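The block underneath contains the structure these notes are about, expressed in structure tokens.
Hydrogens, waters and symmetry mates are skipped; everything else that's a heavy atom, side chains included, is used. FYI, the numbering just counts along the sequence from 1.
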Amino acid sequence: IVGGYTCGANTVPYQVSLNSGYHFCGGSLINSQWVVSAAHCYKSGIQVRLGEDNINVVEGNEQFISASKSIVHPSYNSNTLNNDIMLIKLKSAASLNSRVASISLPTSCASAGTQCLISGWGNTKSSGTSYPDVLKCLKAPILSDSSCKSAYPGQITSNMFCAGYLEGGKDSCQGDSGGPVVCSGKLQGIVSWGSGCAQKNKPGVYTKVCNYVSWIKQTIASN
Ligand SMILES: [Ca+2]
């Protein structure tokens, strides 16, 4: 996250770190056995780390649970990042408490101008590189579809939305991928893509979660 703030330990209790020997992507806990992330975060050998603040120190509220299964969306296109969403099932159920909690799925899509909370352990620099040890947070608004499409002509589908600041300086970034965009208490986005990070006229592009709720519910009901 570029231009963000230190969240505060376990203030974002649905935030997970995906670990394959190192932190590589974020995700969101949607019930005791399921995590939502980005399909472009796919890899084998995922361990899901819940209750994290400092990803490099064991502080005492973590739960480390191996994935039993990953399910990339059936229509994921890695070239366009259309349908950039994946479900991860945990080998055992997480213990839900004040530090480890699930986030609601939307029933209705989010509106332009809504301020959302984006979080992760991604790069904090735009140009140059610095990864944090503790969870960073960013408040960002949803941008109009017309502005989003103007920023990325010929690249935005109806399964994407833009959030952030056209002036630049505040954005999610590499390493934040897969993590949450929460608006009015609902998981409405997944950190997906963007041209660089925090660049002028290049906002972040997010997977539009509300278009996938049917698929998420059906998949969880069958696996
Ligand atoms: Ca830790």
Side-chain angles (χ1 to χ4, degrees), residues 1-30 35-43 46-56 70 72 76 78 81 83-88 103 110 115-143 148 151-152 159-165 168-183 186-199 202-209:
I1 301 289
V2 174
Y5 64 102
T6 294
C7 302
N10 309 116
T11 61
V12 191
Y14 49 84
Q15 173 81 48
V16 311
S17 172
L18 302 183
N19 187 282
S20 56
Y22 46 89
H23 168 88
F24 71 84
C25 271
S28 305
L29 184 73
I30 55 157
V35 164
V36 183
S37 190
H40 88 258
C41 288
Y42 167 78
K43 59 183 67 196
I46 295 174
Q47 189 187 55
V48 171
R49 301 180 165 212
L50 303 96
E52 281 286 17
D53 191 49
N54 194 318
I55 53 171
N56 276 310
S70 305
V72 168
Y76 175 48
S78 57
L81 297 176
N83 311 295
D84 193 10
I85 188 172
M86 171 184 69
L87 286 165
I88 303 167
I103 183 69
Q115 294 283 344
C116 302
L117 175 66
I118 309 177
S119 47
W121 294 271
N123 188 357
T124 66
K125 300 330 193 55
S126 59
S127 211
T129 289
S130 181
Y131 286 84
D133 298 315
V134 297
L135 183 66
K136 294 301 180 168
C137 280
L138 177 65
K139 299 198 161 178
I142 296 170
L143 304 178
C148 187
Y152 296 110
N159 303 312
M160 299 172 186
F161 63 94
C162 282
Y165 297 89
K170 291 180 281 261
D171 198 6
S172 59
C173 205
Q174 331 328 281
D176 294 322
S177 295
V181 181
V182 168
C183 321
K186 301 302 190 187
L187 181 69
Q188 294 281 5
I190 300 160
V191 179
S192 186
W193 67 273
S195 179
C197 313
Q199 295 307 292
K202 295 291 178 178
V205 191
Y206 296 92
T207 308
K208 189 180 170 155
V209 172

Within a strict 4.5 Å, meaning less than it, do heavy atoms of the [X] and [Y] side chains meet?
X: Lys136; Y: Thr6; result: yes
X: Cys173; Y: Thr124; result: no
X: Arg49; Y: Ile55; result: no
X: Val209; Y: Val36; result: no
X: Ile190; Y: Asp84; result: no
X: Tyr76; Y: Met86; result: no
X: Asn19; Y: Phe24; result: no

If you take all heavy atoms of [X] and [Y], which pair is closest and at what distance?
X: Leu138; Y: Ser172; value: CD2-N, 4.3 Å
X: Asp171; Y: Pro203; value: OD2-C, 4.3 Å
X: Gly26; Y: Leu18; value: O-CD1, 3.8 Å
X: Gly122; Y: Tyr131; value: C-CD2, 3.8 Å

**Request:** Determine, step by step, whether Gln188 and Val182 satisfy the side chain to side chain contact (heavy atoms under 4.5 Å, CB included) criterion, reporting the C-alpha distance in whole Å, the side-chain angles of both residues, the deciding distance to 0.1 Å, and the verdict.
**Result:** CA-CA 6 Å; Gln188 294 281 5; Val182 168; over 6 Å; no
At what distance, to the nearest 0.5 angstrom, does [atom1] of [X] lie from [atom2] of [Y]?
X: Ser28; Y: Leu187; atom1: OG; atom2: CG; answer: 4.5 Å
X: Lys139; Y: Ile118; atom1: NZ; atom2: CD1; answer: 12.0 Å
X: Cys162; Y: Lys208; atom1: SG; atom2: NZ; answer: 12.0 Å
X: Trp193; Y: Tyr152; atom1: CH2; atom2: OH; answer: 5.5 Å
X: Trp121; Y: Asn54; atom1: CH2; atom2: CG; answer: 9.5 Å
X: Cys197; Y: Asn123; atom1: SG; atom2: CG; answer: 6.0 Å

**Request:** Could you walk me through whether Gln15 and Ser119 pass the side-chain hydrogen bond (donor to acceptor under 3.5 Å, both in side chains) test, one step at a time?
**Result:** CA-CA 8 Å; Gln15 173 81 48; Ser119 47; 2.7 Å; yes
**Request:** With sequence neighbours left out, write down each residue that passes side chain to side chain contact (heavy atoms under 4.5 Å, CB included) with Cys116, or none if nothing qualifies.
**Result:**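 So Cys116 forms a side chain to side chain contact (heavy atoms under 4.5 Å, CB included) with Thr114, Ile142, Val181, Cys183.
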**Residues forming a side chain to side chain contact (heavy atoms under 4.5 Å, CB included) with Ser126, sequence neighbours excluded** = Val2, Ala198, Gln199
**Request:** Could you walk me through whether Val35 and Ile46 pass side chain to side chain contact (heavy atoms under 4.5 Å, CB included), step by step?
**Result:** CA-CA 12 Å; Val35 164; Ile46 295 174; over 6 Å; no
**Message:** Show, in sequence, the C-alpha distance, side-chain angles and deciding distance for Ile30 and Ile103, and conclude whether the side chain to side chain contact (heavy atoms under 4.5 Å, CB included) test is met.
**Reply:** CA-CA 5 Å; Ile30 55 157; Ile103 183 69; 4.3 Å; yes
**Request:** Could you list the residues that satisfy ring-ring contact (aromatic ring centres under 6.0 Å, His included) with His40, not counting sequence neighbours?
**Result:** none
**Request:** May I ask you to check whether over 12 heavy atoms, not counting those of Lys43, lie within 6.0 Å of atom NZ?
**Result:**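 Check passes, neighbour count above 12.
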**Message:** Tell me whether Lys202 contacts the main-chain N or O of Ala151 through its side chain, where contact means a donor paired with an acceptor under 3.5 Å.
**Reply:** yes
**Asked** Does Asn83 offer a backbone N or O that forms a donor-acceptor pair with the side chain of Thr207 under 3.5 Å?
**Response**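 Absent.
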